[PDB]
Amino acid sequence: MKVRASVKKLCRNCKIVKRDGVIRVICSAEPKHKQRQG
Amino acid sequence: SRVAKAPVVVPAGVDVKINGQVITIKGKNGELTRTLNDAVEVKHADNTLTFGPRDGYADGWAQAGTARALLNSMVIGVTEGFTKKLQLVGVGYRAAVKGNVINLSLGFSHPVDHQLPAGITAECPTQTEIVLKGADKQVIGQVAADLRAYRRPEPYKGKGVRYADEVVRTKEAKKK
Amino acid sequence: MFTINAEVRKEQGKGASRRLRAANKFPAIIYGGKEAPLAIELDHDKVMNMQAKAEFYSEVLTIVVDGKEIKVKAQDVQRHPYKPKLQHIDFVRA
Amino acid sequence: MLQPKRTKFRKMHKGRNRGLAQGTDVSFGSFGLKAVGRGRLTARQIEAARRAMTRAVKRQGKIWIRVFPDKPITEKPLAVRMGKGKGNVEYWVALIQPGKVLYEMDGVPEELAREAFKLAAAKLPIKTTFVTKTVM
Amino acid sequence: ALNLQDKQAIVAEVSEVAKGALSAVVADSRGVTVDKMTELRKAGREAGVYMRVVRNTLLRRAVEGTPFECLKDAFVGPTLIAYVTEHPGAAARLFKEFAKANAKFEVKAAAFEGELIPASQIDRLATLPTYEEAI
Amino acid sequence: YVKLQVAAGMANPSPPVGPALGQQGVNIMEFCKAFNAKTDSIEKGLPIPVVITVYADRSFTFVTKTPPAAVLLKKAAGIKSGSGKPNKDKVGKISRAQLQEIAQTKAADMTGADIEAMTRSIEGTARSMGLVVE
RNA sequence: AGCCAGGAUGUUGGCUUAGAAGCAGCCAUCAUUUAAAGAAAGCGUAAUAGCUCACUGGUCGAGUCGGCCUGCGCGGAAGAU
RNA sequence: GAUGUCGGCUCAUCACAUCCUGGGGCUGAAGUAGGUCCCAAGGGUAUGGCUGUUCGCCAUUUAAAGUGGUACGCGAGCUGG
Ligand SMILES: [Mg+2]
Ligand SMILES: [Mg+2]
Ligand SMILES: [Mg+2]
Ligand SMILES: [Mg+2]
Ligand SMILES: [Mg+2]
Ligand SMILES: [Mg+2]
Ligand SMILES: [Mg+2]
Ligand SMILES: [Mg+2]
Ligand SMILES: [Mg+2]
Ligand SMILES: [Zn+2]
């Protein structure tokens, strides 16, 4: 999981999702692309 | 919205009981009961089920959409039924059913025993295959996740409890 | 043919102009010829969309000031320092 | 790194940085990077931004730098008390008012100019906007 | 992205060749590789046939000008046209061997004499010989 | 099922065909002499392509194809090796009569309907190898 | 948007390399059968294979896409009795 | 018209920017062992050689030998290098 102030889509398979008031990047193709704003 | 506006066809021999926000859908395969959100207004009429937002409720269409999707798979439930298929991969990994309990050999010191809930039923066509059957799409999905949880597919050989339809990406170990 | 709708200005100066811009409008002037200059007010969004078309600065425009039609040409434009907005337009009578 | 070749005087009063900019239009290129905020750009910041946009366009096209760091900025070293003269000149800045076209570019497609300008914007202490040239 | 200027142009090309040709075959071309296609596009130009995959909305428009205004109900599912310009027949036989040899698709409906030919009675234009047989 | 290019009068060495076709399940001596018995008509010093179709019983059937487009453009222009940077460095020259000579042989493998269609397909193989039409 | 089908030929483009066959690099980037298919957006192979995208035909049946001027919010946000 | 200074002893108390132990994501994570990030302050967190030293270097331990605040905590509590 990457925790940073600036979360972005990294590839086409990346998806931005707001779970529990926290912007997140979920990705089907690369687990390295997993992000949490914080 | 597009989901909510789409009506759910209630077939022959399927009973729909609607006491306010409580819906009981009875068929050949079983009896499922659900409580809809107060923003959903469910109308019976003919051989269909129609969903729509309730006045003064902000997320009405989002709520009716969910209600629709649920009641559809409730009907498909008490009629056709749902099937989840799991397959055990790895030397020594075996499974067997003894009534309402799935016995599992998954590489631990102690053998795993999993108590199935009301409605979910399992059968083992092989020592390495588990087939689950039930009416509640949520419960069957839960049980299959819990059984997978014991030994999740490892990324280096694919060993562990996997879903039949599951694509298990593997990888090479560090070079040197 | 670009058609612009305008009102004559009831007020002049810093105060009145800033007030216009606050109301999604802007001042502009029509000068040239024997006729005395005419201080007018324009809808911001309308003239902003027009001026985006290159042809606006080359073509002969028609300004409808209380029924009367005025054939003009865009002389000079005062733009907002950093926003995509218009502050003032000079229209010369053609 | 930009800096005046000579100066009438070494040091300059702090002054103030009030008002709106002069040089608010793309005057040489097709595209520009315009200042939306107020502040000081240092010669090092200007260079960092210029390098970033130059890499971006793979040295194709032409770049103009509409700003010049001509204000000397003095600094008093550590463990030095107040007074005893004005500090020594350490670096050079260009005062920026909102509206200033900072850089200009031509000879490259809009999509690339927009990229190159996003990359340079990241190195600057003030908020910027992309601007295109206009007919009057 | 097909523009209307380009949609009208495709309607025009297939409207022109509609009048000119004699017999036409409307068929499915699903699950067949381009290797087998470039093969049926070779033996198609040889037999004096015009091969085209045309959008079914676009085809219902370039066939409204008749005599194929019974090929309407054949513009449901993927459609390829075999317009036989030089000598009637050729394709109605070229396709029948391609259908049996590849097992994929079924061949929809054929058109000749300005009359409807169903999926069962395509044996009429498949047994016909040459022009060029009467002598 | 593998695609290879073997010489007109040569098929046997270990570095090009050896462990390339022999790893699947094809006889190294049965194919090497049956291929050269049919490619005896094909001129000396011309790479000719051959496609292999193998079954579950280790058996094989091959259909010989016409020489490649980048292969026939080297003998017509008078070059052993092409250009390292095509359309930047010129290595030879081929006339409009030589272009139609490569296409009239390649007609069995070409997708084109007309002579002009097969000619333009060889025009592209020439530009992307450094050769200029003169 | 989803789902069904294709995503080809010359050709394994040329150079290089034990091999480079769209997929280490470097250079060019046309042409054909075309409904459409980059001399190929990424993963995979010792190199091939094999999987998918750009693009296009079918199904569906009414909306859908993302820039601009703006109001109010969200994350960015760790300290000692 | 006086708020005793460094270090040690004794005795502590808080923060968490966590040293160990606990949970957990990614890894260029096969295992063992690491790297990095998130959650977590409940408890635990060396003895010596040299030097007034705090520090530091060194020896040998340990699961670990945390980082800081408390008048750089603590002389109407001790010491006085
Ligand atoms: Mg949670
Ligand atoms: Mg005032
Ligand atoms: Mg006193
Ligand atoms: Mg913390
Ligand atoms: Mg780090
Ligand atoms: Mg503690
Ligand atoms: Mg240790
Ligand atoms: Mg103290
Ligand atoms: Mg005392
Ligand atoms: Zn991703």
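What follows draws every value from the coordinates through simple rules; no lab data is involved. For neighbour counting, all protein chains shown are included, and Cβ atoms are generated from backbone atoms with ideal geometry for every residue, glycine included.
Just a few scattered comments:
- Among the residues of the range B:159-176, those that are surrounded by 10 or more Cβ atoms within 10 Å (Cβ to Cβ) and either touching a residue at least 60 places away in the same chain (Cβ under 8 Å) or among the hydrophobic types (A, V, I, L, M, F, W, C) (or both) comprise B:159, B:160, B:161, B:162, B:163, B:164, B:168.
- Flag for residue B:155 being assigned to a loop (DSSP other than H, G, I, E, B), over 27 Å from residue B:66 (Cα atoms) and either within 14 Å of chain A (Cβ to nearest Cβ) or away from RNA strand H (no atom under 15 Å from the Cβ) (or both): yes
- Residue check for residue B:169: within 16 Å of RNA strand G (Cβ to nearest atom), among the charged types (D, E, K, R), within 14 Å of chain A (Cβ to nearest Cβ) and assigned to a loop (DSSP other than H, G, I, E, B): yes
Table: residues versus (1) loosely packed, with under 13 Cβ neighbours inside 10 Å; (2) free of Cβ contacts under 8 Å to residues at least 12 places away in the same chain; (3) in contact with a helix residue (DSSP H, G or I) (Cβ under 6 Å, 6 or more places away or on another chain); (4) closer than 28 Å to residue F:73 by Cα.
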site: F:22; (1), (2), (3), (4): no, yes, no, no
site: F:36; (1), (2), (3), (4): no, no, no, yes
site: F:46; (1), (2), (3), (4): no, no, no, yes
site: F:49; (1), (2), (3), (4): no, no, no, yes
site: F:54; (1), (2), (3), (4): no, no, no, no
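- Only a single criterion out of (1) within 30 Å of residue E:44 (Cβ to Cβ); (2) part of a loop (DSSP other than H, G, I, E, B); (3) of a type in the set (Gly, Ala, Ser); (4) more than 14 Å from chain E (Cβ to nearest Cβ) is not satisfied by residue F:70, namely (2).
- Residue match in the range C:62-79 (condition: touching a residue at least 24 places away in the same chain (Cβ under 8 Å) and within 30 Å of residue D:37 (Cβ to Cβ)): yes
- Each residue in the range D:104-136 was checked for being loosely packed, with under 13 Cβ neighbours inside 10 Å and within 14 Å of chain C (Cβ to nearest Cβ), and 3 pass.
- Residue in the range D:15-34 that is of a type in the set (A, V, I, L, M) and more than 14 Å from chain C (Cβ to nearest Cβ) present: no
- Residue B:141 vs. criteria closer than 26 Å to residue B:30 by Cα, away from RNA strand G (no atom under 16 Å from the Cβ) and not aliphatic (A, V, I, L, M): yes
- Candidates are the residues of the range A:13-23 that are more than 11 Å from RNA strand H (Cβ to nearest atom) and touching a residue at least 12 places away in the same chain (Cβ under 8 Å); the one that is farthest from the other protein chains (Cβ to nearest Cβ) is A:23.
- Number of positions in the range E:10-38 that are within 11 Å of RNA strand G (Cβ to nearest atom), over 24 Å from residue E:93 (Cα atoms) and not β-branched (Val, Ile, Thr): 1
- If you go through the range F:104-125 and keep only what is under 18 Å from residue E:40 (Cα atoms), within 6 Å of RNA strand G (Cβ to nearest atom) and exposed (fewer than 13 other Cβ atoms within 10 Å of the Cβ), you end up with F:111, F:117.
- Filter pass, residue E:113 being more than 12 Å from the chain's Cα centre (by Cα) and closer than 22 Å to residue E:63 by Cβ: yes
- Candidates are the residues of the range E:45-72 that are in a helix (DSSP H, G or I) and more than 11 Å from RNA strand G (Cβ to nearest atom); the one that is nearest to the other protein chains (Cβ to nearest Cβ) is E:61.
- Of all residues in the range B:136-152 being within 16 Å of RNA strand H (Cβ to nearest atom) and either assigned to a loop (DSSP other than H, G, I, E, B) or of a type in the set (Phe, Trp, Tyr) (or both), the one that is nearest to the other protein chains (Cβ to nearest Cβ): B:152
- Residues in the range A:6-15 that are part of a strand (DSSP E or B) and either among the hydroxyl-bearing types (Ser, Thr, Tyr) or more than 18 Å from residue B:169 (Cα to Cα) (or both): A:15 only.
- Residue E:28 exposed (fewer than 14 other Cβ atoms within 10 Å of the Cβ) and either within 13 Å of the chain's Cα centre (by Cα) or not β-branched (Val, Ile, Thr) (or both): no
- Of all residues in the range B:83-95, exactly one satisfies the criterion of being without any contact (Cβ under 8 Å) to a residue 60 or more places away in the chain and crowded, with 19+ Cβ neighbours inside 10 Å, namely B:95.
- Matching residues, the range E:1-19, being under 18 Å from residue E:110 (Cβ atoms) and surrounded by 11 or more Cβ atoms within 10 Å (Cβ to Cβ): E:14, E:17, E:18
- The residues of the range A:16-35 that are within 12 Å of RNA strand G (Cβ to nearest atom) and in a strand (DSSP E or B), listed by number, are A:16, A:18, A:19, A:22, A:23, A:24, A:35.
- Of residues in the range A:10-36 being more than 8 Å from the chain's Cα centre (by Cα) and away from ligand 10 (no atom under 14 Å from the Cβ), the one surrounded by the most Cβ atoms within 10 Å (Cβ to Cβ): A:22
- Top-ranked residue in the range F:89-116 [being closer than 10 Å to residue F:131 by Cα and of a type in the set (D, E, K, R); ranked as nearest to the other protein chains (Cβ to nearest Cβ)]: F:89
- Residue check for residue B:151: within 16 Å of ligand 10 (Cβ to nearest atom) and more than 13 Å from the chain's Cα centre (by Cα): no
- Taken together, D:93, D:67, D:101 contain a single residue that is β-branched (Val, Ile, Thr) and within 14 Å of chain C (Cβ to nearest Cβ), which is D:101.
- Residues located in the range E:31-44, provided they are within 12 Å of chain F (Cβ to nearest Cβ) and either under 13 Å from the mean Cα position of the chain (by Cα) or not in a helix (DSSP H, G or I) (or both): E:41, E:44
- Residue that is nearest to residue B:85 (Cα to Cα), among those in the range B:110-145 that are surrounded by 14 or more Cβ atoms within 10 Å (Cβ to Cβ) and among the acidic types (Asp, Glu): B:129
- For the range B:32-40, the criterion of being surrounded by 15 or more Cβ atoms within 10 Å (Cβ to Cβ), of a type outside the set (A, V, I, L, M) and within 20 Å of residue B:1 (Cα to Cα) is satisfied by at least one residue.
- Residue E:132 being more than 16 Å from the chain's Cα centre (by Cα), touching a residue at least 24 places away in the same chain (Cβ under 8 Å) and under 19 Å from residue E:47 (Cβ atoms): yes
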